[PDB]
Structures are given as structure tokens and as C-alpha cells.
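Taken in order, these protein sequences are the chains called qs, qq, qM, qu and qi.
Residue 131 in PDB author numbering sits at position 130 of the first sequence; the count goes up by one each step and never skips.
Residue 102 in PDB author numbering sits at position 101 of the second sequence; the count goes up by one each step and never skips.
Residue 118 in PDB author numbering sits at position 117 of the third sequence; the count goes up by one each step and never skips.
Residue 108 in PDB author numbering sits at position 107 of the fourth sequence; the count goes up by one each step and never skips.
In case it helps, PDB author numbering puts the fifth sequence at residues 9 to 32, 36 to 147.
Here is the structure we will look at, set down as C-alpha cells.
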Amino acid sequence: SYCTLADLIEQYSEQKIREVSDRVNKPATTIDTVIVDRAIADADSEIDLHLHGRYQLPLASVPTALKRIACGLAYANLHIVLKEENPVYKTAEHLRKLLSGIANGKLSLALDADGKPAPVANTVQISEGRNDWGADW
Amino acid sequence: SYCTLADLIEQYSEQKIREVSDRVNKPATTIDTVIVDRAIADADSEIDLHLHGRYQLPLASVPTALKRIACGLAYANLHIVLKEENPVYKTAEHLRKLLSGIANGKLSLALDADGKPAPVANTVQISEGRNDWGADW
Amino acid sequence: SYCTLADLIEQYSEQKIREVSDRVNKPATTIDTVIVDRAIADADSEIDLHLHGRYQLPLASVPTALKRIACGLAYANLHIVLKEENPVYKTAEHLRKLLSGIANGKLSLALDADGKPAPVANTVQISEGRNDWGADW
Amino acid sequence: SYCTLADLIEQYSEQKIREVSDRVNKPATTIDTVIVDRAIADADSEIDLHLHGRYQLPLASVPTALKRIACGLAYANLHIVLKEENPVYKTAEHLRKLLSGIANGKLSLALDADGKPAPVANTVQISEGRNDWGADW
Amino acid sequence: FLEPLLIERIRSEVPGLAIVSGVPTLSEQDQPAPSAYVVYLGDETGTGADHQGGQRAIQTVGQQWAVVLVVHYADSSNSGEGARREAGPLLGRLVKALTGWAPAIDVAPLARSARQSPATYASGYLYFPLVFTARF
């Protein structure tokens, strides 16, 4: 859960979330929590797809850039039909580009609140090191 | 079964599923379960085609990204005629791009609920290792 | 027989199969079984052309992706005249691309119902291996 | 916090900040501090994403170029819908280009007020240096 | 200036396969479904009669509105059997819903034409230059 309904409302205003989330009432009246939850879950799943090879999956903290990316992807997911030239689609593409840059080691995952994220041990591995005759015998 | 009728309704609203699934009544009245089942099965078959070389086929759990991909492909399959510029076709193409990226080892299959997926033993294979004279004789 | 008349009806609705299969009655009244059988046979022949070098020909089971591909190709074959921009032609081209990817070893043929397909012994061949003096004499 | 509400007002005038920040009153009357804070936080998160590999994260001082970049990104973030040809989008792209140039070691992070920034110890690492027999024995 | 209240039900998503087609030359070879395919022809204007009033210099403005028929079912260069024979009821439905079904109207006649709307074919598949009046 890198973003919440509060984050979506704050980033896109409550009116737009209501309009793109209420599918049964015309005009919209309330925000459907289930739809928003599914959209946020899908955004988190995509982000994990991008970040699985460099960091641990169950992150204990959410970096701020991760919050922005999740909010953007979740909003893009709340559109049933999304055309290519829709600006929301372009924002989603830019965020996906940021994610790909992070995955390819060109961008670093920033601070969460004060501490660093937790990189995986992929680079750590070395055989073991056999150096007998060099132990001050 | 990476996605269900509930997932399709939640992602695309029940009205659209009814409209694209009911082919005998005009206007549509009910959702045809057989057609939806076949579309979901076809989406799962395509996804397995993409994922057979890196993971076990009968997955015991469904990763969330896999759910989103299956829902998108299933919805795209429910259209008898699908043109190139239809936005649903573009979404299907993006999801197929995600699948291809996963297959080529550029994206990782994320967590299912809390645990990792089950990669195949393709990389494990090595001859055996003949290292007599090195067993502390 | 990777697909049947039932599969074609389910994928494209009975009305469209009737319209593209009945050539002697205007308006169409019944589905011509012979024409559908020939179209399905042609689709199967093309698929076998694509799959002969990696799997056994007389497959004992039909993978689901194979069913979808066969249905699409069979429907495309039921059109006497098919232009380039017809969406059915584009679907046929996409399915042919999937087949070519399978043939070139970029996609794997998925599960049929629970078990794997039967790959051919093309890669198995090695000379024999002459390793006398290494048999614990 | 590389930029503040005062910086945004000074760079873009108070009227524009009021117009792009007040979402509940039409016409706008007051500047929403929470929305501005979130936009500034997102800009800072992106900048940290770009600068994590060359400098320490919790910078004790804010370089002036960093202030300009943060102000531009924050203003770009205050737009719910931002098209490609919007000049604010172009300014954001130019600032992102500046950030990327800094990250790739083509531009240096300037003075904060009088002293240099604090680069990370990434380049410092060397093994240790074994040079016995050269210590004036 | 009140038609939308009934237009809402006038339009009911006629095609089941065509999605986001922005319908109102035709292809006649790759159309997913037989949509309404409405067309626009022109306008009718006049003054110096009961149409014109006092202030605002407005009058009962004649309005033109037509449709295009796209079925190509049972008519694929074979014969005109099933093209308009099946359309007849469909043509009546279209002309009764899209036209002649107006809200409470005082100076909005919303003229409808059940007959006297000739149509000629061309291009080898199907053409239908419908001629109907709207008056509003």
C-alpha cells in the first residue's frame, strides 16, 4: 500500500476521484472504496514487478517518490478507457519510465522518512575466498 | 484461473461486461458465464505461453500483476471485432509488452500474497563437479 | 482438430458463423459443416507447418493457446475476400506472429490440461561418447 | 524542503499559486497549504531520486539551483492535468534534464551559500594497499 | 433549447460491436457493426412570416438532418434482398425515435418524415442519402 485514498484525493482532488470511481450513479455521489483499493493494488503490483530485482518486496516503509508513482498509476488505472493522447496516459508513461530507470540502476530509490531502503543481496555473492598461507601462521 | 468474473466486473464495471458478453439479447440483460470463462481461459493460455520457460505452469498462487494482465487480456478477447486504434487493443498490447519483458528476464514476477513465485530449475543445471583429491583425505 | 464448430460459435457467436458459412442462401439460414471443417483443417495444417520442427505432429492433446490460434485462423479462412485493413486479418497476423515466436523458441507451448506437450528429439542427438579407461576398472 | 510557499509565490506570483492550489472555491480565494506541501515534497522526492548516488540524502543546505529546480517541479506538480505542449511541462522537462546531467557527472552541484555540498564516498573506495618492504625499515 | 431531455433516450448505443467510433466516406468493407450512421446535410432559414417574432430577431429556424444505412448483411454484391427489406422496421424505428419523438414543444415542431425520403445506391455495396427535416 504505497498510496491511500487520502493521497489520491490530495493529488487529484476529491471531485475527480468521485467522478472516475462512481460507476453506478449518474451524476456521481460517493467514492467507491473497493474500486480505489483495486486500482492502488494494481499500481503496487506493477511497481513491485519493476522493483523486485533490486530491493526486498515487503517494504517496511514507502519512499515519497514511490508514493507519487503509485498515485499516478492508480489514477491511470481508474479509467476504463484510456486513449494514447490522454494526458493522464502520458503521466503514467513518464512514471513507468522513472520505474524502469530505477530498475536499470540509473536512479536510486530515495529516503523513506530518514533511513535508506533495503537493497537485496544480489551483488553481495562471491564464492568464499580460499587464502590459506596468508593467516599469520 | 488468474482472474474471475468478479475481477472483470470490478475492473470494467458490470454494464460493460454485460454489453460485451450478451450476444443473443439486444439490449443485453445478463452476463454469459460461458463466454467470460472462455475469454479468461484464453488469456491464461497466452500468459502461460509467455511464462512457461521461467516458472512452473500450475501456479499455486496468482500474483497481482498476473491478475491485472489476465483481466485486460480477457476483456480484449471478449470483443468479436477489435481494430488497431481501439484503446482496449492498446491496453492489451501494453500488457503483452509487460509479459514479454517478464519472459526476457527484464521484469520479475512479484509476490503473490506474501511469498515468492516458484521459478523453474532451468538455470540450476551443472554437470556434477569432479573434485577428488580435495576432500580432506 | 484443435478447434471445433462449438469453439467457433462460442468465440464469434453463431450469427457470424452462419453469415460467413452459408453461401447459397441469402439471407443465411444454416451453418455449412463442410465449409467450417475445411477451414478448421486448413488452420490446423498451417499450425502444423509452424510446429513440426519442435513437437510431434499427431498431438494427443490440444493446448488452449493452440485452440485460440486455430479458432482465429479458421475464422479468417472462412472469408472469401479478406482485405489488409480488415480487423480479422490483423488478428490472424497476430496469431501467426505468436506461432512464429513459438517456432523460433521464444515462446513455449503451454499445458494441455495438466501435463506438458511432447517435444521432438531434435536436441537430444549426440554421437555416443567414448570414455573407456573411465569405468572403474 | 528545497523550496517553500514563499519561493513559489515569488517565482510564479501569488495569484497563479492561488489559482492552481484552490480546488474547492470557484473563483479561488486562498492558497491550500497542504496541496503545496505535497507538491513540494514530491519535487524533493524526485530530486533525491536523481541525486542519491552522488551526494548525501539529508542535505544540511539547499543549493540555489536546487531551489529553482524544486520550485519548477512543484509548480508542474500542482497541475491536475498537464499536456505535452504546455510550457510549464517544457520547463519541467528542462529541469529534469538539468538533474540528469548532474547525476551523470556532467554538471556539478553548486555552492549552497558559501561552502561546497557533501559528495558521497562512492569513489573513495580502494582495497587498502599492501606495501610492506617500503616503510623505511 | 430543450431537446437533450429526450435525446438522452433517443440515443441508446445502437451498435453492440462498435465502440468509441465517433460515428456522426463510409468504409462498407470493415465496419464492425451496423451503427446508426447519422449524417448532416444543411439548414433552412427564413423571415417575414409567422416564424419571425419581435425582439431577439429570432425565427423558427428550419433544420436538416439525415442518416446513412450500413447493414451489408444478405447484400454483399448479391442483390438488394435483406438490405432495406429488413431495414424497413429499423428505418421506422430510427425515424420515430431520432425524429418525431420530442419533449413538450411550443415553438419546436421537430418535424418528422415517415415517407417521401428517396435513397439511391452507389459504390457497389450500399448508399442511402436519407432526406429528413428537423425544424429545430
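We treat Cβ as the ideally placed atom computed from N, Cα and C, and that holds for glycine.
- Excluding its 5 nearest sequence neighbours in each direction, qi:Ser88 has C-beta neighbours in its own chain below 8 Å: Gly135, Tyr136, listed in chain order.
- Cβ-Cβ distances below 7 Å link qM:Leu9 to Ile18, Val37, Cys72, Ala75, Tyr76 in the same chain, with the five nearest sequence neighbours on each side left out; the list follows chain order.
- If you compare the alpha carbons of qu:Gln16, qu:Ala114, qu:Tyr56, qu:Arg131 with that of qu:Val125, the shortest gap goes to qu:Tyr56.
- Boundaries of the beta strand (DSSP E) around qi:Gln74: 73–78.
- Among the residues of chain qM, none has a CB under 8 Å from the CB of qi:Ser46; the nearest is roughly 15 Å distant.
- With fewer than 16 other Cβ atoms inside 10 Å of its own Cβ, qi:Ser20 counts as exposed.
- A distance below 6 Å between beta-carbons, with the five flanking residues on each side excluded, links qs:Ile32 to the following residues of its chain, in chain order: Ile18, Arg19, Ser22.
- Put simply, the CB of qq:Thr31 is far from chain qs, with every gap to its CB atoms at 8 Å or more.
- Around the beta carbon of qi:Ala47, 16 or more other beta carbons sit within 10 angstroms, so the residue counts as buried.
- A Cβ of chain qq is located within less than 8 Å of the beta carbon of qi:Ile27.
- In chain qs, no part has a C-beta under 7 Å from the C-beta of qq:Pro120; the shortest such distance is about 12 Å.
- qs:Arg69 sits buried, since 16 or more C-beta atoms from the chains shown fall within 10 Å of its C-beta.
- Contact of qq:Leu83 with chain qs is not assigned, every C-beta pair being separated by 8 Å or more.
- Listed as beta-bridge partners of qq:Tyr56 by DSSP are qq:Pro120.
- Going by C-alpha positions, qi:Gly57 is about 23 Å away from qi:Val50.
- Here the segment 108–125 of chain qu lies against the segment 49–68 of chain qu, with 3 or more beta-carbon pairs under 8 Å apart.
- Not a single CB atom of chain qs sits nearer than 8 Å to the CB of qu:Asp133.
- qM:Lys27 places its beta carbon less than 8 Å from that of qi:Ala85.
- Contacts between qq:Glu11 and chain qs, judged by CB atoms closer than 8 Å, involve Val35, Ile36, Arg39 in chain order.
- Look at the segment 66–141 of chain qi and you find these whole runs of beta strand (DSSP E), each 3 residues long or longer: 73–78.
- Counting only Cβ-Cβ distances below 8 Å, qq:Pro64 has contacts in chain qs at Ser46, in chain order.
- Considering only qM:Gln12, qM:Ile103, qM:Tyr3, qM:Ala40, the residue with the shortest C-alpha distance to qq:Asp49 is qM:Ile103.
- Its Cα nearest to that of qi:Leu80, the residue qi:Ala44 stands out among qi:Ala44, qi:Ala122, qi:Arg126, qi:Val28.
- Counted as a single uninterrupted DSSP element, the stretch harbouring qM:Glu86 is not any alpha helix (DSSP H), since DSSP gives it neither H nor E.
- Using a 10 angstroms sphere on the CB of qq:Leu100, the tally of other CB atoms reaches 16 or more, which defines it as buried.
- By the criterion of a C-beta distance shorter than 8 Å, qu:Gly54 is surrounded in its chain by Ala104, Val121, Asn123, once the five residues flanking it on both sides are discounted.
- One finds nothing in chain qM with a Cβ atom closer than 7 Å to the Cβ of qq:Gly106; even the nearest lies about 13 Å away.
- Interface flag for qi:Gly24 against chain qq is set, since a Cβ pair is found closer than 8 Å.
- Straight-line spacing of the CA atoms in qs:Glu11 and qu:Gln12 works out to 23 Å.
- For the segment 72–101 of chain qM, the beta-carbon criterion of a distance under 8 Å to any beta-carbon of chain qq is satisfied by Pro88, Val89, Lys91, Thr92, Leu99.
- For the 8 Å CB-CB criterion, qi:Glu11 and qi:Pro114 form a contact.
- Of all residues in the segment 12–26 of chain qu, the ones placed with a Cβ closer than 7 Å to any Cβ belonging to chain qs are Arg24, in chain order.
- Approximately 34 Å separates the beta-carbon atoms of qi:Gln75 and qM:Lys84; this is outside 8 Å, ruling out the contact.
- Residue pairing from DSSP places qi:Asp54 in a beta bridge opposite qi:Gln74.
- For qi:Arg126, the number of other beta carbons within 10 angstroms of its own is below 16, and it is reported as exposed.
- The continuous alpha helix (DSSP H) containing qM:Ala71 extends over residues 65–78.
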